[PDB]
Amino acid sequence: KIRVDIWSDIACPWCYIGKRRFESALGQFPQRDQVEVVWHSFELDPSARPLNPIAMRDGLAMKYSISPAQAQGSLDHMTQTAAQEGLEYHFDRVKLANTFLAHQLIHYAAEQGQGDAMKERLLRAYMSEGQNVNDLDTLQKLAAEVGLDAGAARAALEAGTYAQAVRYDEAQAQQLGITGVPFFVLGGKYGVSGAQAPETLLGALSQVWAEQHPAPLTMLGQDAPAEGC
């Protein structure tokens, strides 16, 4: 097996682009059935208020200290880039929500083996559908659409069951020196930073697989005294 640990935020347009680019690489990878993908929580703004009422453009402009026009240029670039991945962004509709509860929902989903589908649904909800991913009703609905037990998902969110696990994911990232997302870890050994091209990720997958499958040796001589486990 090859394990791929991916750190990502729901509020992260480059993370969604990166998810698609990774999926393209994985589709090209002959041993894709041997790959285990695990999503890990990362918050770009863990101190974000529950819901920040301003436009994403203005939020971005404040974050990077730039003009509304250049902030718009940035949004436009990301929109155009995402369109090449089949993604239709609607930044004008984005609700600037704290994503802590959404990350908790992905943790809930992953216990049911639906981590990726939940991650995917939340990215779409955030980037394309103008949904508030801090809103409990909204999260419950999205859980239902993914095929989860909507009532159980809601209860887990209200109890904060996966809160610690999310914070641990975030601490893990800090310890690994991960300061920007999306970030890929392969085989617990190799780091790949940002929304890399499919070719790069496919190359990494292939490199790791090859490393774990050396050519069999040609044995010489007879077995001599040896010790084993």
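Quick note: we count residues from 1 along the sequence shown, nothing fancier. Only the largest set of C-alpha atoms that superpose within 1.5 Å between the two forms is called the rigid core.
- request: Output the stretch, either 19-27 or 211-219, that has more C-alpha displacement from this form in 4 other deposited structures of this protein following superposition by the rigid core.
  value: Looking at 211-219 and 19-27 in 4 other deposited structures of this protein, the bigger mover is 211-219.
query: Does residue 229, which is modelled here, drop out in at least a third of the other compared PDB entries?
result: Yes; at least one third of the other entries leave residue 229 out.
query: When the C-alpha temperature factors are averaged for each of 102-110 and 122-130, which stretch ends up with the higher value in the entry?
result: The entry gives the higher C-alpha B-factor average to 102-110.
- prompt: Comparing 9-17 with 212-220, which stretch shows the greater average C-alpha B-factor in the deposited entry?
  reply: Between 212-220 and 9-17, it is 212-220 that shows the higher mean C-alpha B-factor.
Highest recorded Cα temperature factor - choice among 197, 181, 26, 186: Of 197, 181, 26, 186, 186 has the highest C-alpha B-factor.
Out of 56, 66, 37, 202, residue topping the C-alpha B-factor column of the entry: Of the options given, 66 has the highest CA B-factor in the PDB entry.
- prompt: In terms of the CA temperature factor given in the entry, to which third of its chain does residue 150 belong: lowest, middle or highest?
  reply: It falls in the middle third of the chain.
query: For residue 82, does the deposited CA B-factor place it in the lowest, middle or highest third of the chain?
result: It belongs to the lowest third of the chain when residues are ordered by C-alpha B-factor.
task: Please rank the C-alpha B-factors of the chain's modelled residues and tell me whether residue 156 sits in the lowest, middle or highest third.
output: Residue 156: CA B-factor falls in the highest third of its chain.
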